[PDB]
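Worksheet for the structure shown next.
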RNA sequence: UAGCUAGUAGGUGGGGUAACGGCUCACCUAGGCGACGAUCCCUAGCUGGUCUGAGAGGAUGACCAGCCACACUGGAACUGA
RNA sequence: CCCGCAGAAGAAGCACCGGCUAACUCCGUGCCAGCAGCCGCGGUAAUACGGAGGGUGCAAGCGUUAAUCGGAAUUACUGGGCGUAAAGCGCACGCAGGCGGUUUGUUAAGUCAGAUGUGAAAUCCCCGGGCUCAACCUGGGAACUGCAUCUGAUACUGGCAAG
Ligand SMILES: [Mg+2]
Ligand SMILES: [Mg+2]
Ligand SMILES: [Mg+2]
Ligand SMILES: [Mg+2]
Ligand SMILES: [Mg+2]
Ligand SMILES: [Mg+2]
Ligand SMILES: [Mg+2]
Ligand SMILES: [Mg+2]
Ligand SMILES: [Mg+2]
Ligand SMILES: [Mg+2]
Ligand SMILES: [Mg+2]
Ligand SMILES: [Mg+2]
Ligand SMILES: [Mg+2]
Ligand SMILES: [Mg+2]
Ligand SMILES: [Mg+2]
Ligand SMILES: [Mg+2]
Ligand SMILES: [Mg+2]
Ligand SMILES: [Mg+2]
Ligand SMILES: [Mg+2]
Ligand SMILES: [Mg+2]
Ligand SMILES: [Mg+2]
Ligand SMILES: [Mg+2]
Ligand SMILES: [Mg+2]
Ligand SMILES: [Mg+2]
Ligand SMILES: [Mg+2]
Ligand SMILES: [Mg+2]
Ligand SMILES: [Mg+2]
Ligand SMILES: [Mg+2]
Ligand SMILES: [Mg+2]
Ligand SMILES: [Mg+2]
Ligand SMILES: [Mg+2]
Ligand SMILES: [Mg+2]
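Residue numbers (the working numbering), protein chains in the order written: chain C, -1 to 80; chain D, 387 to 508; chain E, 34 to 162; chain V, 1310 to 1389; chain G, -1 to 203; chain Y, 984 to 1139.
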C-alpha cells in the first residue's frame, strides 16, 4: 500500500533521509508519489536537520497511508519540539 | 539551399571514415607477426624501415611499424599494435608498442623511455 | 511573376537611395501604405502620397541628410518563401535598438518598440537601419 | 464544449465508415518553413451520411474497430 | 604537490623577486637576479604573445605556490563569480590561508607559512585548520596556538613582517599573535606589477 | 597617445634575371585609444625600414570611430574582399575576445570590451582592412538622431 | 527497397475478455495502407540526462532515477488480486 | 577526531626544448642508424636522430593510443555557394508540390495575448548550510525554451463570398 518512509541519500557514513510517500512495493530510493520532508541524522547544532510537512502527511494518512516506524518517531519529535 | 529544397532533402553530415580501422575503435589490439621485413621510404627519404605484417585478433591483416633502434621480433611473435602512420611508408597505419608482450624495450635508452618501454636506469 | 510586393517596395526604396532619386513610385496597397506610414513616423522617409482611384500609385519622397541616404539598410525578413513570426519576448532589436523593425501585429502595423510596449508579437516584415 | 477536429472526407466507401484527412499547418523544426502535414483518420459514421469531399467535425471515442476510434459529430460544407 | 626545487632559480626565470627568501639578505647578493637561469641565461629572446601570457601566469603561480590544476580551478571559480575575472582570481589567491598567515607575518616566506599551517600551528576562529588552500573569510580571526607560540621562527618572522609593508586588509596583534582578516583585498589594494589580464586571456584562449 | 603595434611581417620575393629578390612587408596599426585607429602597410628591403614606412603610413590616414563607453555601438559586420568579420559589443569586463590582427586593431582603437570573430579568409591585411571599415561605418545614437530628425531620447 | 494487404478494411450477428476491439467465428460489402515513403533491408532498448558548443546544433544513453523487454533455446498454459 | 613519542627522518617522477609551441648547447653518427601530429629532419660543423649538460611544462602522476564535440561558415536554419576554382539539367512542356496582383466582407486554420493544467525526483544554474578545506552531501529558488485546453485580438498568411 501507500506508505511514508525514509529514503537514504547523501554520502557514505553521512546519511540524509528524504521523507517520501511511496507505494510500498517500490525500492527504497525508487519511484515515489510525493516527497514530504527530510531528516538529517548527523546534522549539527544550529542546524534544522529535520523538516516534515505535517499537513501533507496528515492528508496521506487520511487517504490511508501507513507510516514507517522511524517516520512516526520523527513526527513525535517534531510535535514535542514545536 | 532553397528552404524548400532543404525540407525536401536535408543536409548530409560528412561521414568521416577512420584512418585506423583495424583497431575498430580500440586503443590497442594484439596480433601475431605473419612477416617481418624492411622497406624503403618515400621520395624525400632514404632508409631501411623495419615493419611487420601482422594478423590481428579480429581477423585484419595490417602492416605495423617497429620503432626504436633494433628489435627482437620474428615470425610468430605476439605483439600489441597502436595507432599512428609512418607518413613515409605508404600504407603503414599502425605502430608496434615497444615494451609489450613479445616486443622488448629498446636497449640502452635514457630518454623517452616511456615511449619505448624501457625501465628507469639506476 | 511578382510574388512579393512589400519586398519590391523595399528594393525600390533601396535603389532610390543608392541612385539619389528624390522620389520612388510603386503600385499602392493598404499594407504598403501602412508600412510607409510607419517609415514616415520613424523618419526614414520624408513623405508619402497616394494618388489615383482605379489603380493608385504610392509616391514616397526619400530622405537625405549629408548628401547620403538616411536608410542605411533595409532588408525584408518575413517573405513568401519563409514567414517569420515572433513573440513579444523574441522581438528583434535592429542595430542594437537604433534601427527599427516593422512588425505586423493584431493591432496594426507598428515598429518593434511600439509592439513591445503594447505587449504583442507578430509577423516581422523588415528591418530598417 | 467537447474536443473535436475538422477535416475533409478523403473516402467514404467502407460501409458506416469514412476516412477524414486532418491537415495541420505546422512549422518545420529546423528550417522554420510552415509545412502542410496530413492526418488520415478512420471515422465511424452511422447512416452513411457523409459524402466524399465533405467537411466534417469528429470527436474521439472508444475504439469501434481495429482502426476506427473516432465518430462524426456534425457535417459542414457538404456540397457537391 | 609542492615545488621543492630552487627558489631563486624561479625568481631569476621570472625576472622579479617572488619573495621566496625571507628578505634579510638582498636577492642581488644571493643570486644574479638579472640573468635568467642556466647555460643560456645571458640572452633575452623576443617573447611571443603566448609566451608573455605564460610567463605572467607562471610568475603568479610561483608567488603563491599553487600547482596548475588548483590554479585552473581558481580561475574557473573566479570566472563564475560576478565581476572582473582577473580581480576575482587575485582575491581568491590572496584569500588562501597560507597567504594570509604570511601577510600577518607568522612566517618569513609563504613556504614557511605553509609549513606551519600543515604542521597545525594555526587556528582559524579558535579551530585548528590544516589546509593551506582554506579560503579565509572576512572577520576571521587567525592565531598562533601556544605550542607554536614559543617558536623562535614565529617571532623572527614577526620581526621581518614588521620590516615589510603592512597589509590594509588585515589587523594583526604581535603579542597575542592573532590577526583578524577583515575583508578580501581590492585590486587597487594588491600589487600593480601583476597583470591579471594576461592570465585571463591565457585561460580563455 | 598613439599606441602602435605591428601585426604581421612577411617576406615576399621578386624574380629577376639574376635570381630572387627578397623584401619585407610590415602591416602595422596605430591608434589613440579614444576612437582613432589607422593601419599602414610598408615595404622595404629590410624589416626595420619596412616597419618605419608602415608606421608613417598608419600615423597618417587615421579614421574616427564612434565608441560608446569603451565598447562598440552596435553589432557590426564588415567585409574586405575575402575577410568577412563580425564584432559585437559586450559587457564591461568581457575583455577583447578577438583573433590576432583583429585583437591588435581593436586594442589600439581603444575598444576594451568586444566579442569578435573573423569569418572567411584570415589574411592579416585584409582582415584588418575589414575591421577598420566596420568600425568606421558603425554610427552612434547621436548620428542616428541627426539622420532621422529626432531627439536622441525619442530613439534611445 | 514502389507497390503492400484476404482477417486484409468496414458492416451485421454469435462467441470471447476484467474491459473496448477481427480478439475470434459465420455471412455481407470490396475495401484498407502507400511518394507526408507503405512494404522490404540494415542498425538500435527509450527517456530524464551526459559530453561538447556563445548559441543553433553535433555526438551519446556507463553510473543515478522513470518506462520497456528478456531469464539456456523454442512453445504452452496453470495457480493467483 | 584528539593527546603524546622520536627523528629530516619513510616519500618525485613523466614528457618535451626546428616552426606551430614555453624551453639550446656540446659530443656521437653521416640519406645510415633513426625521428615525425603537420611542415619536415639525417648524404661528415644535425638547437629535429642517440647520449650528456642546461632548460621548459605538468606533477603522484606524466605521456602515447582510441573515441566524441570544438575550432570547421568544411552540409552554411542561425550561417556558404554554382562565368573561369567543385557546382545551371542540351532545350522545352507539364501533373503533384512550392509561391501568388488588388478591394471589401466574413471566418479564425497559421500567427499573437492572457489564464489554467502539466513538464517526476536527481542533474545544470543562483543564494545559503554541513563535512577542518575541497571534491562530496544538502535547504530553498530559478529553469525545464515543451505540450494541452479555455478565453480573447484580426494587421499579415490561409479558407469562403463578392468585386
Ligand atoms: Mg565514406
Ligand atoms: Mg630526406
Ligand atoms: Mg592532486
Ligand atoms: Mg462483436
Ligand atoms: Mg456479443
Ligand atoms: Mg541490440
Ligand atoms: Mg536492446
Ligand atoms: Mg560554432
Ligand atoms: Mg551495464
Ligand atoms: Mg514479460
Ligand atoms: Mg522466464
Ligand atoms: Mg548463460
Ligand atoms: Mg520457455
Ligand atoms: Mg495471491
Ligand atoms: Mg486464475
Ligand atoms: Mg619558442
Ligand atoms: Mg623525439
Ligand atoms: Mg664525425
Ligand atoms: Mg657533430
Ligand atoms: Mg624537432
Ligand atoms: Mg634531440
Ligand atoms: Mg559546423
Ligand atoms: Mg565555399
Ligand atoms: Mg568548372
Ligand atoms: Mg544553359
Ligand atoms: Mg495576396
Ligand atoms: Mg494555394
Ligand atoms: Mg487560433
Ligand atoms: Mg526536475
Ligand atoms: Mg561551507
Ligand atoms: Mg484574414
Ligand atoms: Mg484574407
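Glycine included, C-beta positions come from ideal geometry on N, C-alpha and C.
Hey, quick one: how far does the alpha helix (DSSP H) through residue i stretch, first residue to last?
i	result
residue 1118 (chain Y)	1107 to 1120
residue 1337 (chain V)	That residue, residue 1337 (chain V), is in no alpha helix (DSSP H); it is neither H nor E in DSSP.
residue 1031 (chain Y)	1030 to 1042
residue 8 (chain C)	From DSSP, residue 8 (chain C) is part of no alpha helix (DSSP H) but of the beta strand (DSSP E) over 0 to 9.
residue 32 (chain E)	No statement about residue 32 (chain E) is possible, as the shown extent of chain E runs from 34 to 162 and does not include it.
residue 150 (chain G)	150 to 161
residue 57 (chain C)	52 to 61
residue 1313 (chain V)	Where residue 1313 (chain V) is concerned, there is no enclosing alpha helix (DSSP H), given that its DSSP letter is neither H nor E.
residue 1084 (chain Y)	1083 to 1092
residue 114 (chain E)	Counting along the chain, residue 114 (chain E) falls outside any alpha helix (DSSP H), and DSSP gives it neither H nor E.
residue 145 (chain G)	144 to 147
residue 1055 (chain Y)	Residue 1055 (chain Y) -> no alpha helix (DSSP H), and no H or E assigned at all.
residue 43 (chain E)	38 to 52
residue 1136 (chain Y)	1135 to 1138
residue 149 (chain E)	145 to 151
residue 197 (chain G)	194 to 200
Could you please give the first and the last residue of the uninterrupted beta strand (DSSP E) stretch that includes residue i?
i	result
residue 138 (chain E)	133 to 138
residue 987 (chain Y)	986 to 998
residue 484 (chain D)	Per DSSP, residue 484 (chain D) belongs to no beta strand (DSSP E) and is neither H nor E.
residue 1351 (chain V)	1349 to 1353
residue 91 (chain E)	90 to 95
residue 2 (chain G)	Here residue 2 (chain G) belongs to no beta strand (DSSP E), and DSSP marks it neither H nor E.
residue 1265 (chain V)	A question about residue 1265 (chain V) goes unanswered here, because the residues of chain V that appear run from 1310 up to 1389.
residue 469 (chain D)	464 to 469
residue 68 (chain C)	First-last for residue 68 (chain C): 67 to 79, but that is the alpha helix (DSSP H), not the beta strand (DSSP E).
residue 475 (chain D)	Taken as a continuous stretch (DSSP letters only), residue 475 (chain D) belongs to no beta strand (DSSP E), as it is neither H nor E.
residue 1071 (chain Y)	1066 to 1072
If I'm right that residue i touches residue j with Cβ under 8 Å, what's the distance once you round it to whole angstroms?
i	j	result
residue 412 (chain D)	residue 440 (chain D)	Their Cβ separation, rounded to whole angstroms, is 14 Å, which puts residue 412 (chain D) and residue 440 (chain D) out of contact at 8 Å.
residue 60 (chain G)	residue 16 (chain G)	5 Å
residue 14 (chain G)	residue 57 (chain G)	7 Å
residue 1165 (chain Y)	residue 1028 (chain Y)	Nothing in the structure corresponds to residue 1165 (chain Y), since chain Y is present only between 984 and 1139.
residue 65 (chain G)	residue 197 (chain G)	Contact flag wrong, Cβ pair sits at about 15 Å.
residue 98 (chain E)	residue 1125 (chain Y)	Going by Cβ atoms, the distance from residue 98 (chain E) to residue 1125 (chain Y) rounds to 13 Å, so no, they are not a contact pair.
residue 131 (chain G)	residue 68 (chain G)	7 Å
residue 159 (chain E)	residue 117 (chain E)	Residue 159 (chain E) to residue 117 (chain E), Cβ: 10 Å. No contact.
residue 142 (chain G)	residue 104 (chain G)	6 Å
residue 478 (chain D)	residue 472 (chain D)	5 Å
residue 102 (chain G)	residue 177 (chain G)	4 Å
Residues near ligand 1, CB to any non-hydrogen atom under 6 Å, in chain order?
-> Counting every residue whose Cβ lies closer than 6 Å to a heavy atom of ligand 1, we get D:401, D:403.
Mind the definition here: the stretch 1027 to 1039 of chain Y touches the stretch 1109 to 1117 of chain Y only if three or more C-beta pairs lie below 8 Å; say whether that holds.
-> Touching, no.
Would you say the stretch 399 to 413 of chain D touches the stretch 65 to 73 of chain C, given that touching needs at least three Cβ pairs under 8 Å?
-> Not touching, per the Cβ criterion.
Give a yes or no on contact between the stretch 481 to 489 of chain D and the stretch 448 to 461 of chain D, applying the rule of three or more CB pairs nearer than 8 Å.
-> Between the stretch 481 to 489 of chain D and the stretch 448 to 461 of chain D, the count of Cβ pairs shorter than 8 Å is three or higher; the stretches touch.
Using the beta carbon as the reference atom, which residues fall closer than 5 Å to any heavy atom of ligand 2, ordered along the chain?
-> This selection yields D:430, D:431.
3-residue-minimum beta strand (DSSP E) runs that sit fully inside the stretch 75 to 129 of chain G, ordered along the chain = Runs of the beta strand (DSSP E) lying entirely within the stretch 75 to 129 of chain G and spanning at least 3 residues, in chain order: 120 to 122.
Hey, is the stretch 388 to 399 of chain D in contact with the stretch 14 to 23 of chain C, meaning 3+ C-beta pairs nearer than 8 Å?
-> Two segments are said to touch when three or more pairs of C-beta atoms, one from each, lie closer than 8 Å; by this definition the stretch 388 to 399 of chain D does not touch the stretch 14 to 23 of chain C.
Does the stretch 1093 to 1101 of chain Y come within contact of the stretch 39 to 46 of chain E, defined as at least 3 CB pairs closer than 8 Å?
-> Judged by Cβ distances under 8 Å, the stretch 1093 to 1101 of chain Y makes no contact with the stretch 39 to 46 of chain E, as fewer than three pairs qualify.
Three-pair Cβ contact test at 8 Å for the stretch 1316 to 1324 of chain V versus the stretch 1359 to 1368 of chain V = Touching, yes, given that three or more Cβ pairs across the two stretches are closer than 8 Å.
Report yes or no: do the stretch 82 to 91 of chain E and the stretch 51 to 62 of chain E share at least 3 C-beta pairs separated by less than 8 Å?
-> Cβ pair count under 8 Å is three or more, so yes.
Pairing CB atoms from the stretch 52 to 65 of chain C with CB atoms from the stretch 427 to 437 of chain D, are three or more of them under 8 Å?
-> Under the 8 Å Cβ criterion, the stretch 52 to 65 of chain C does not count as touching the stretch 427 to 437 of chain D, having fewer than three qualifying pairs.
Curious, which full-length alpha helix (DSSP H) runs of at least 4 residues does the stretch 12 to 86 of chain G contain?
-> You should have 25 to 28, 47 to 62, 66 to 78.
Is there contact between the stretch 18 to 37 of chain G and the stretch 1368 to 1380 of chain V, where contact requires at least three CB pairs shorter than 8 Å?
-> No, because fewer than three Cβ pairs between the stretch 18 to 37 of chain G and the stretch 1368 to 1380 of chain V fall closer than 8 Å, the two stretches do not touch.
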